[PDB]
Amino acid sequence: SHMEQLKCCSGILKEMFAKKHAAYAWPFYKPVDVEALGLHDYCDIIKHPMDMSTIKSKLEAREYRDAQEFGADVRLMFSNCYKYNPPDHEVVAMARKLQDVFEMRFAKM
């Protein structure tokens, strides 16, 4: 059921925002500040930005038909991080820790 699975998606996102994962999830909470120092080329490289607060808003506005569409936006958020940053960047390691949480929950739902 699409309704039941979207409720599960809201539960996954709630865990990603939880204190348990806060040490590595915090860079993903809000949209990337493209006006910040070092991010002058972000919009040239990242054509479709995504963050957890935007996904929470899309869930609330019924913008996902099913769990696969919610999953696509979570993976877009991580892929943007892996595309923009150098592979040894601190934020890439944080993205992998949070993607581990997401993938385990998304697979078992």
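Here the rigid core means the biggest group of C-alpha atoms that line up within 1.5 Å when the two forms are laid on top of each other. Start at 1 and count along the sequence shown; that's the residue number.
For the pair 46 to 54 and 30 to 38, rigid core superposition yields a higher RMS C-alpha distance in 7 other deposited structures of this protein in 30 to 38.
Looking at mean Cα B-factors across 77 to 85 and 56 to 64, the upper value is held by 56 to 64. Comparing 68 to 76 with 37 to 45, the higher mean C-alpha B-factor in the PDB entry belongs to 37 to 45. Looking at the C-alpha B-factors along this chain, the one for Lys97 belongs to the lowest third.
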